[PDB]
Amino acid sequence: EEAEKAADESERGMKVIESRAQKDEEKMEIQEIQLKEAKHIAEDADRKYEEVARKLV
Amino acid sequence: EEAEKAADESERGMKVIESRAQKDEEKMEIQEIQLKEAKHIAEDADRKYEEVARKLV
Amino acid sequence: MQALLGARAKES
Amino acid sequence: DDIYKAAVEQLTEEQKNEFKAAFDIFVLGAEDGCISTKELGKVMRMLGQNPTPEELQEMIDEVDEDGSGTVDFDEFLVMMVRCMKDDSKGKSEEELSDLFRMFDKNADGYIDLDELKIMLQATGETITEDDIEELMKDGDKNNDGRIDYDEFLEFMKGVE
């Protein structure tokens with residue numbers, strides 16, 4: 001009974017973790033894709049900065 | 001043994017996906033922090049854009 | 001490519 | 001951005017297919033299926049090292065002639081043979097003076113297109129006016145139509 005409770009806790013755990021792992025994996029990929037975009041916005045933000053700053057110059 | 005093995009195998013399943021959640025969690029935190037900074041860089045670069053755009057004016 | 005492939009990094 | 005193709009012209013093709021499989025794992029878990037930042041990152045990680053996405057995207061753009069911004073698999077093979085030691089040694093000012101007194105047969109301090117043309121025709125390779133033309137233009141940054149001596153250093157900087 002305890003091993004089955006453990007089967008359920010280690011399996012539920014695995015599923016909770018798979019759910020968490022998936023949430024974290026999606027957040028990982030979401031933040032990674034969005035990081036690339038945030039970096040591209042930084043490149044663009046720096047790019048527009050340079051275009052206007054260069055005009056300033 | 002089957003119940004305990006279910007627990008043990010699901011626990012190993014969990015260890016791998018927990019380690020994955022941890023890797024994904026660390027990576028999403030890294031990517032999130034990096035996103036925040038890439039975005040803060042972008043925002044800073046956008047602030048600089050505006051500082052230089054108003055100074056361009 | 002060696003730190004990647006080991007034995008398989010023969011020309012790499 | 002091209003010298004890597006020139007080096008694979010000197011290299012083999014088995015390395016190309018090894019890098020095909022490389023690129024494949026270089027995008028193992030990719031967002032774009034090509035090498036963006038994090039793809040090159042997990043490349044370095046499987047390499048046992050941890051890079052930053054800036055130089056990642058930069059080596060991505062270090063070949064970027066057109067502004068492609070990404071690592072095409074072709075551009076990928078370019079980037080991967082970038083790291084093999086194929087042609088080195090960055091030729092520069094001294095031997096370039098030694099050779100520019102010649103390349104400036106006109107001794108202008110500037111290679112007119114005359115000398116560049118003639119010495120290309122002498123190079124033994126097929127000589128297009130795309131050759132002589134691009135060569136005059138890359139030499140001549142002042143774009144005087146004549147490759148200045150330091151414009152000649154430009155002209156023969158590193159080209160093994």
# chains A, B, ... in the order shown; residues from 1 in each chain; ligands from 1

$ calpha_fit_and_write --fixed "chain A" --moving "chain B" --output "compact mmCIF listing (two decimals) with N, CA, C and O atoms, in the first residue's frame"
# COMPACT_ATOMS: atom_id res chain seq x y z
N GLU B 1 2.21 -2.69 -2.33
CA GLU B 1 1.33 -1.57 -2.48
C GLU B 1 2.05 -0.33 -2.00
O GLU B 1 1.95 0.69 -2.64
N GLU B 2 2.82 -0.40 -0.91
CA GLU B 2 3.53 0.78 -0.45
C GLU B 2 4.60 1.23 -1.42
O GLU B 2 4.76 2.43 -1.64
N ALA B 3 5.34 0.29 -2.00
CA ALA B 3 6.40 0.56 -2.95
C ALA B 3 5.85 1.05 -4.26
O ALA B 3 6.36 2.00 -4.86
N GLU B 4 4.77 0.43 -4.68
CA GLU B 4 4.12 0.77 -5.91
C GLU B 4 3.42 2.07 -5.70
O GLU B 4 3.37 2.88 -6.61
N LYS B 5 2.87 2.29 -4.51
CA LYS B 5 2.19 3.53 -4.21
C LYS B 5 3.24 4.59 -4.11
O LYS B 5 3.02 5.72 -4.49
N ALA B 6 4.41 4.26 -3.56
CA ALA B 6 5.45 5.25 -3.52
C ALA B 6 5.80 5.61 -4.94
O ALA B 6 5.94 6.78 -5.27
N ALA B 7 5.85 4.61 -5.83
CA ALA B 7 6.14 4.88 -7.21
C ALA B 7 5.03 5.67 -7.87
O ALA B 7 5.30 6.59 -8.61
N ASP B 8 3.78 5.35 -7.55
CA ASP B 8 2.59 5.94 -8.15
C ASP B 8 2.40 7.36 -7.67
O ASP B 8 2.04 8.24 -8.45
N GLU B 9 2.63 7.59 -6.39
CA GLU B 9 2.48 8.89 -5.81
C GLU B 9 3.65 9.75 -6.22
O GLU B 9 3.47 10.92 -6.52
N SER B 10 4.86 9.18 -6.25
CA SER B 10 6.01 9.93 -6.68
C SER B 10 5.89 10.16 -8.15
O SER B 10 6.33 11.20 -8.63
N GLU B 11 5.25 9.23 -8.88
CA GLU B 11 5.04 9.41 -10.30
C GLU B 11 4.03 10.53 -10.48
O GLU B 11 4.22 11.36 -11.34
N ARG B 12 2.96 10.59 -9.66
CA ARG B 12 2.03 11.71 -9.74
C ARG B 12 2.69 13.00 -9.35
O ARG B 12 2.40 14.04 -9.92
N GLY B 13 3.59 12.92 -8.38
CA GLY B 13 4.35 14.05 -7.94
C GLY B 13 5.08 14.53 -9.15
O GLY B 13 4.96 15.70 -9.52
N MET B 14 5.78 13.60 -9.81
CA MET B 14 6.54 13.81 -11.01
C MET B 14 5.64 14.33 -12.11
O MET B 14 6.04 15.24 -12.80
N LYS B 15 4.43 13.81 -12.28
CA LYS B 15 3.56 14.30 -13.34
C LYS B 15 3.24 15.75 -13.14
O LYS B 15 3.25 16.52 -14.09
N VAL B 16 2.99 16.13 -11.90
CA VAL B 16 2.69 17.51 -11.62
C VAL B 16 3.92 18.37 -11.81
O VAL B 16 3.84 19.42 -12.44
N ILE B 17 5.06 17.94 -11.28
CA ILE B 17 6.27 18.72 -11.44
C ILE B 17 6.87 18.57 -12.83
O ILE B 17 7.69 19.39 -13.22
N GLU B 18 6.53 17.52 -13.56
CA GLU B 18 6.97 17.35 -14.94
C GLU B 18 6.13 18.23 -15.77
O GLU B 18 6.64 18.83 -16.71
N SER B 19 4.84 18.32 -15.45
CA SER B 19 3.94 19.20 -16.14
C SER B 19 4.41 20.59 -15.80
O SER B 19 4.41 21.46 -16.66
N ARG B 20 4.85 20.80 -14.56
CA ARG B 20 5.38 22.08 -14.18
C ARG B 20 6.66 22.32 -14.93
O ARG B 20 6.81 23.37 -15.53
N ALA B 21 7.54 21.34 -15.02
CA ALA B 21 8.75 21.55 -15.75
C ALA B 21 8.40 21.90 -17.17
O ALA B 21 8.98 22.80 -17.73
N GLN B 22 7.37 21.25 -17.72
CA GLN B 22 6.95 21.50 -19.08
C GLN B 22 6.38 22.89 -19.21
O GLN B 22 6.62 23.57 -20.19
N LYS B 23 5.62 23.34 -18.22
CA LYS B 23 5.05 24.67 -18.27
C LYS B 23 6.12 25.71 -18.11
O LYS B 23 6.08 26.75 -18.76
N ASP B 24 7.09 25.42 -17.25
CA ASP B 24 8.19 26.28 -16.94
C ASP B 24 9.16 26.22 -18.08
O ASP B 24 9.79 27.22 -18.39
N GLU B 25 9.28 25.07 -18.71
CA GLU B 25 10.16 24.89 -19.84
C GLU B 25 9.56 25.65 -20.99
O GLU B 25 10.25 26.38 -21.68
N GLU B 26 8.27 25.51 -21.22
CA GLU B 26 7.67 26.24 -22.30
C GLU B 26 7.72 27.69 -22.00
O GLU B 26 8.07 28.48 -22.87
N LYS B 27 7.44 28.08 -20.76
CA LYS B 27 7.48 29.47 -20.47
C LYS B 27 8.89 29.99 -20.54
O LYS B 27 9.04 31.11 -21.00
N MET B 28 9.91 29.25 -20.11
CA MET B 28 11.25 29.82 -20.18
C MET B 28 11.66 29.90 -21.62
O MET B 28 12.40 30.80 -21.96
N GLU B 29 11.20 28.97 -22.48
CA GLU B 29 11.54 29.06 -23.88
C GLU B 29 10.85 30.25 -24.47
O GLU B 29 11.42 30.96 -25.28
N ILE B 30 9.62 30.48 -24.08
CA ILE B 30 8.88 31.61 -24.55
C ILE B 30 9.52 32.87 -24.10
O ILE B 30 9.73 33.77 -24.89
N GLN B 31 9.86 32.94 -22.81
CA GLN B 31 10.48 34.11 -22.24
C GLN B 31 11.87 34.28 -22.79
O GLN B 31 12.32 35.40 -22.93
N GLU B 32 12.56 33.17 -23.10
CA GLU B 32 13.89 33.22 -23.66
C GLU B 32 13.83 33.73 -25.06
O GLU B 32 14.64 34.55 -25.44
N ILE B 33 12.86 33.26 -25.83
CA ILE B 33 12.71 33.69 -27.20
C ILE B 33 12.30 35.13 -27.18
O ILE B 33 12.81 35.91 -27.98
N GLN B 34 11.37 35.48 -26.30
CA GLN B 34 10.94 36.83 -26.14
C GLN B 34 12.06 37.67 -25.62
O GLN B 34 12.11 38.85 -25.94
N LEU B 35 12.94 37.12 -24.78
CA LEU B 35 14.08 37.86 -24.29
C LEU B 35 15.00 38.08 -25.42
O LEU B 35 15.54 39.16 -25.56
N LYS B 36 15.23 37.05 -26.21
CA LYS B 36 16.10 37.21 -27.32
C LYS B 36 15.53 38.26 -28.20
O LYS B 36 16.26 39.15 -28.57
N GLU B 37 14.22 38.25 -28.45
CA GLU B 37 13.67 39.28 -29.29
C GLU B 37 13.63 40.63 -28.62
O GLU B 37 13.96 41.62 -29.24
N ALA B 38 13.31 40.71 -27.34
CA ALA B 38 13.29 42.00 -26.68
C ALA B 38 14.68 42.55 -26.69
O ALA B 38 14.89 43.74 -26.89
N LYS B 39 15.65 41.67 -26.52
CA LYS B 39 17.02 42.03 -26.56
C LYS B 39 17.41 42.34 -27.98
O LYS B 39 18.18 43.25 -28.17
N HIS B 40 16.89 41.62 -28.97
CA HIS B 40 17.21 41.86 -30.36
C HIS B 40 16.58 43.15 -30.76
O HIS B 40 17.12 43.84 -31.60
N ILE B 41 15.42 43.45 -30.19
CA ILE B 41 14.75 44.70 -30.42
C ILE B 41 15.59 45.75 -29.80
O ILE B 41 15.70 46.82 -30.36
N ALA B 42 16.08 45.51 -28.59
CA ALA B 42 16.93 46.46 -27.94
C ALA B 42 18.20 46.65 -28.70
O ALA B 42 18.69 47.76 -28.78
N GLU B 43 18.74 45.57 -29.26
CA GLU B 43 19.96 45.62 -30.03
C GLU B 43 19.68 46.30 -31.32
O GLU B 43 20.51 47.05 -31.78
N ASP B 44 18.52 46.05 -31.89
CA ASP B 44 18.13 46.64 -33.14
C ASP B 44 17.88 48.09 -32.90
O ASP B 44 18.20 48.91 -33.74
N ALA B 45 17.28 48.41 -31.76
CA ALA B 45 16.99 49.76 -31.37
C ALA B 45 18.30 50.45 -31.04
O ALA B 45 18.44 51.63 -31.36
N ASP B 46 19.27 49.72 -30.47
CA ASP B 46 20.60 50.25 -30.22
C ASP B 46 21.33 50.40 -31.54
O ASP B 46 22.10 51.33 -31.72
N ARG B 47 21.09 49.48 -32.48
CA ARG B 47 21.70 49.62 -33.79
C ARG B 47 21.10 50.81 -34.44
O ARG B 47 21.84 51.60 -35.01
N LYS B 48 19.79 50.99 -34.32
CA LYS B 48 19.13 52.13 -34.88
C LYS B 48 19.60 53.36 -34.18
O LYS B 48 19.74 54.37 -34.84
N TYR B 49 19.84 53.29 -32.87
CA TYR B 49 20.37 54.39 -32.11
C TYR B 49 21.65 54.80 -32.74
O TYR B 49 21.82 55.96 -33.02
N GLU B 50 22.54 53.84 -32.99
CA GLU B 50 23.81 54.13 -33.61
C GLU B 50 23.66 54.57 -35.05
O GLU B 50 24.41 55.43 -35.51
N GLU B 51 22.69 54.02 -35.77
CA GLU B 51 22.48 54.44 -37.14
C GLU B 51 22.04 55.88 -37.13
O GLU B 51 22.55 56.69 -37.89
N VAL B 52 21.16 56.21 -36.20
CA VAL B 52 20.66 57.57 -36.05
C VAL B 52 21.64 58.48 -35.31
O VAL B 52 21.61 59.70 -35.47
N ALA B 53 22.52 57.90 -34.48
CA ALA B 53 23.47 58.68 -33.74
C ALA B 53 24.58 59.09 -34.68
O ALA B 53 25.03 60.24 -34.65
N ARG B 54 24.97 58.19 -35.60
CA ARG B 54 25.99 58.56 -36.55
C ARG B 54 25.32 59.43 -37.58
O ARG B 54 25.93 60.38 -38.05
N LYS B 55 24.04 59.15 -37.90
CA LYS B 55 23.37 59.99 -38.85
C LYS B 55 23.02 61.26 -38.15
O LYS B 55 22.92 62.26 -38.81
N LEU B 56 22.87 61.26 -36.83
CA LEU B 56 22.65 62.50 -36.13
C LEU B 56 23.87 63.31 -36.36
O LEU B 56 23.75 64.43 -36.76
N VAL B 57 25.04 62.72 -36.21
CA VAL B 57 26.26 63.45 -36.47
C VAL B 57 26.30 63.92 -37.92
O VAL B 57 26.77 65.03 -38.18

$ select_by_dssp --residues "chain C" --states "helix (DSSP H, G or I)" --output "JSON, numbers by chain"
{"C": [2, 3, 4, 5, 6, 7, 8]}

$ write_last_selection --atoms "N, CA and C atoms" --output "compact mmCIF listing (two decimals), in the first residue's frame"
# COMPACT_ATOMS: atom_id res chain seq x y z
N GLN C 2 36.95 17.62 -32.23
CA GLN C 2 37.40 16.47 -31.45
C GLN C 2 36.72 16.42 -30.09
N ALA C 3 36.72 17.53 -29.35
CA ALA C 3 35.98 17.58 -28.09
C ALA C 3 34.52 17.23 -28.30
N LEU C 4 34.05 17.29 -29.55
CA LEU C 4 32.71 16.81 -29.86
C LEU C 4 32.65 15.32 -30.20
N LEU C 5 33.52 14.85 -31.09
CA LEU C 5 33.30 13.57 -31.74
C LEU C 5 34.19 12.45 -31.22
N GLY C 6 35.27 12.77 -30.51
CA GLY C 6 36.16 11.72 -30.06
C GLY C 6 36.75 10.99 -31.25
N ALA C 7 36.60 9.67 -31.23
CA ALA C 7 37.04 8.84 -32.35
C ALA C 7 36.42 9.27 -33.67
N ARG C 8 35.18 9.75 -33.66
CA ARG C 8 34.54 10.10 -34.92
C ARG C 8 35.12 11.38 -35.50

$ interface_residues --of "chain D" --to "chain A" --cutoff "9 Å" --atoms "only C-alpha atoms" --output "MDAnalysis selection string"
chainID D and resid 31 36:38 53:54

$ atom_distance --atom1 "CA of residue 35 (chain D)" --atom2 "CA of residue 158 (chain D)"
27.7 Å

$ closest_atom_pairs --of "chain D" --to "chain C" --cutoff "10 Å" --atoms "only C-alpha atoms" --output "JSON lines"
{"residue": "D:12", "atom": "CA", "partner": "C:11", "partner_atom": "CA", "distance": 9.1}
{"residue": "D:14", "atom": "CA", "partner": "C:11", "partner_atom": "CA", "distance": 7.8}
{"residue": "D:15", "atom": "CA", "partner": "C:11", "partner_atom": "CA", "distance": 6.6}
{"residue": "D:18", "atom": "CA", "partner": "C:12", "partner_atom": "CA", "distance": 7.9}
{"residue": "D:19", "atom": "CA", "partner": "C:1", "partner_atom": "CA", "distance": 9.0}
{"residue": "D:22", "atom": "CA", "partner": "C:1", "partner_atom": "CA", "distance": 8.8}
{"residue": "D:43", "atom": "CA", "partner": "C:4", "partner_atom": "CA", "distance": 8.8}
{"residue": "D:44", "atom": "CA", "partner": "C:4", "partner_atom": "CA", "distance": 9.3}
{"residue": "D:45", "atom": "CA", "partner": "C:4", "partner_atom": "CA", "distance": 9.7}
{"residue": "D:46", "atom": "CA", "partner": "C:4", "partner_atom": "CA", "distance": 6.6}
{"residue": "D:47", "atom": "CA", "partner": "C:4", "partner_atom": "CA", "distance": 5.5}
{"residue": "D:48", "atom": "CA", "partner": "C:3", "partner_atom": "CA", "distance": 7.6}
{"residue": "D:80", "atom": "CA", "partner": "C:1", "partner_atom": "CA", "distance": 9.2}
{"residue": "D:81", "atom": "CA", "partner": "C:12", "partner_atom": "CA", "distance": 9.9}
{"residue": "D:83", "atom": "CA", "partner": "C:1", "partner_atom": "CA", "distance": 9.5}
{"residue": "D:84", "atom": "CA", "partner": "C:12", "partner_atom": "CA", "distance": 8.4}

$ write_last_selection --atoms "N, CA and C atoms" --output "compact mmCIF listing (two decimals), in the first residue's frame"
# COMPACT_ATOMS: atom_id res chain seq x y z
N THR D 12 38.52 18.88 -47.94
CA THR D 12 37.76 17.75 -48.44
C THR D 12 36.26 17.96 -48.24
N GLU D 14 34.24 15.11 -46.96
CA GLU D 14 33.89 14.32 -45.78
C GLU D 14 33.70 15.22 -44.56
N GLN D 15 34.53 16.26 -44.43
CA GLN D 15 34.33 17.24 -43.37
C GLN D 15 33.00 17.98 -43.55
N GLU D 18 30.33 15.51 -42.20
CA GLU D 18 30.46 15.53 -40.75
C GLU D 18 29.84 16.79 -40.17
N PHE D 19 30.02 17.93 -40.85
CA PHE D 19 29.38 19.15 -40.37
C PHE D 19 27.89 19.18 -40.70
N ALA D 22 26.81 17.66 -37.80
CA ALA D 22 27.06 18.66 -36.77
C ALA D 22 25.91 19.64 -36.69
N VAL D 43 25.93 24.19 -29.12
CA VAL D 43 27.14 23.69 -29.77
C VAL D 43 28.32 23.79 -28.82
N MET D 44 28.57 25.00 -28.32
CA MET D 44 29.67 25.20 -27.38
C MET D 44 29.48 24.36 -26.13
N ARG D 45 28.23 24.11 -25.76
CA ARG D 45 27.96 23.36 -24.54
C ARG D 45 28.30 21.89 -24.72
N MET D 46 27.84 21.30 -25.82
CA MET D 46 28.31 19.97 -26.17
C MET D 46 29.82 19.95 -26.33
N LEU D 47 30.39 21.07 -26.78
CA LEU D 47 31.83 21.28 -26.75
C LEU D 47 32.39 21.33 -25.34
N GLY D 48 31.53 21.43 -24.33
CA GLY D 48 31.98 21.56 -22.97
C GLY D 48 32.18 22.97 -22.50
N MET D 80 31.79 26.65 -39.76
CA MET D 80 32.46 25.52 -39.14
C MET D 80 33.85 25.31 -39.71
N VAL D 81 34.04 25.56 -41.01
CA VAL D 81 35.39 25.53 -41.55
C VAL D 81 36.14 26.81 -41.19
N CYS D 83 36.78 27.55 -38.31
CA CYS D 83 37.60 27.18 -37.16
C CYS D 83 38.69 26.17 -37.49
N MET D 84 38.69 25.55 -38.67
CA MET D 84 39.82 24.71 -39.05
C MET D 84 40.96 25.60 -39.51

$ select_by_dssp --residues "chain D" --states "strand (DSSP E or B)" --output "MDAnalysis selection string"
chainID D and resid 110:112 146:148

$ write_last_selection --atoms "N, CA and C atoms" --output "CSV table (one decimal), in the first residue's frame"
chain,number,residue,atom,x,y,z
D,110,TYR,N,50.4,54.8,-55.3
D,110,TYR,CA,49.1,54.3,-55.6
D,110,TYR,C,49.1,53.4,-56.8
D,111,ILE,N,48.7,52.1,-56.7
D,111,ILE,CA,48.5,51.2,-57.8
D,111,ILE,C,47.4,51.7,-58.7
D,112,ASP,N,47.8,52.3,-59.8
D,112,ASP,CA,46.8,52.5,-60.8
D,112,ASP,C,46.3,51.2,-61.3
D,146,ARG,N,42.8,54.4,-57.9
D,146,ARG,CA,44.2,53.8,-57.8
D,146,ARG,C,44.4,53.4,-56.4
D,147,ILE,N,45.0,52.2,-56.3
D,147,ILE,CA,45.2,51.6,-55.0
D,147,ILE,C,46.4,52.2,-54.3
D,148,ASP,N,46.2,53.1,-53.4
D,148,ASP,CA,47.2,53.7,-52.6
D,148,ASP,C,48.1,52.6,-51.9
